[PDB]
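The structure appears below as structure tokens.
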Amino acid sequence: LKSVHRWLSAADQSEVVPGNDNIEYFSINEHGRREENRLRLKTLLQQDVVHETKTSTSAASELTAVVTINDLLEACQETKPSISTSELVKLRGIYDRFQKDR
Amino acid sequence: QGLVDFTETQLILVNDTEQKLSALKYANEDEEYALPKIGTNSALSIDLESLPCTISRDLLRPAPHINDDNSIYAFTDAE
């Protein structure tokens with residue numbers, strides 16, 4: 001998910017809603033936003049509902065994991081070792097004593 | 001719907017940047033329709049289309065007094 005963040009959250013999604021095709025944004029310039037009242041903006045509705053649209057879910061160009069060595073550097077900075085030597089000092093005995101010994 | 005207060009109403013400009021108004025029409029024909037066939041015993045190229053609903057005895061302008069004469073009661077425009 002850290003590696004995904006450098007592909008999904010950084011830049012565009014942190015700055016704008018990216019998108020293409022369909023009704024889209026337009027410079028409607030119909031009237032001043034707040035002159036007669038504080039609520040003139042977006043009073044008018046959109047022109048039509050979308051029929052359909054087609055686009056691939058993932059590619060090497062977009063939305064893929066784009067893994068890097070420095071993401072693994074961050075991952076290993078966030079190490080969580082499953083056990084510690086305070087157990088292995090006991091478990092090592094339990095290991096070696098299991099054979100040749102009983 | 002209602003009255004407009006010309007002293008204090010929102011009179012909102014909108015620009016038809018998409019020329020949607022050009023799709024609007026008041027049913028008026030621009031020209032006489034193609035190839036009238038008057039005097040022919042038969043006519044063609046007009047379809048048949050199921051009613052969206054039933055229509056009353058009252059809504060037809062002709063309404064001759066016969067107790068049972070017209071139940072099939074089909075209709076078509078001036079074409």
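Naming works like this for the structure tokens: A, B, ... for the chains as they're shown, residue 1 at the start of each chain, ligands 1 onward in shown order.
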May I ask you to extract the residues of chain B within 8 Å of chain A, using only C-alpha atoms, and to give them as a ChimeraX atom specification?
-> /B:10,12-15
If you keep C-alpha atoms, can you produce a file of those selected residues as a PDB file, in the first residue's frame?
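To be explicit, this is the file written out as result_39.pdb:
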ATOM      1  CA  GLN B  10     -33.234  35.981  -9.847  1.00  0.00           C
ATOM      2  CA  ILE B  12     -30.430  34.113 -14.467  1.00  0.00           C
ATOM      3  CA  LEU B  13     -28.376  34.273 -17.664  1.00  0.00           C
ATOM      4  CA  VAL B  14     -27.550  30.916 -19.269  1.00  0.00           C
ATOM      5  CA  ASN B  15     -25.562  30.494 -22.501  1.00  0.00           C
TER       6      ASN B  15
END
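The neighbours of stretch 44-61 of chain B here are the residues that come within 10 Å of it, using only C-alpha atoms and leaving out any residue fewer than 6 positions away in the same chain; they are residues 37, 70, 71, 73, 74, 75, 76 and 79 of chain B.
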Which residues in stretch 20-69 of chain B does DSSP call helix (DSSP H, G or I)? List them as an MDAnalysis selection string.
-> chainID B and resid 20:23
Selection near residue A:48, 12 Å with only C-alpha atoms, sequence-local residues under 5 positions removed, as a PyMOL selection string | (chain A and resi 22-24) or (chain B and resi 18+20)
Would you save the residues of that selection, restricted to N, CA and C atoms, as a short mmCIF file (atom, residue, chain, number, x, y, z; two decimals), in the first residue's frame?
data_model
loop_
_atom_site.label_atom_id
_atom_site.label_comp_id
_atom_site.auth_asym_id
_atom_site.auth_seq_id
_atom_site.Cartn_x
_atom_site.Cartn_y
_atom_site.Cartn_z
N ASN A 22 -16.81 11.97 -20.92
CA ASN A 22 -18.11 12.25 -20.32
C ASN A 22 -18.38 13.75 -20.23
N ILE A 23 -19.40 14.13 -19.45
CA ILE A 23 -19.84 15.53 -19.38
C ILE A 23 -18.70 16.48 -19.04
N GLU A 24 -17.79 16.05 -18.16
CA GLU A 24 -16.58 16.80 -17.80
C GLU A 24 -16.90 18.17 -17.18
N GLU B 18 -23.99 24.64 -26.19
CA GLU B 18 -24.13 23.37 -26.88
C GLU B 18 -25.27 23.37 -27.90
N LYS B 20 -28.31 23.25 -27.79
CA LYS B 20 -29.41 22.32 -27.52
C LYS B 20 -30.74 22.86 -28.02
#
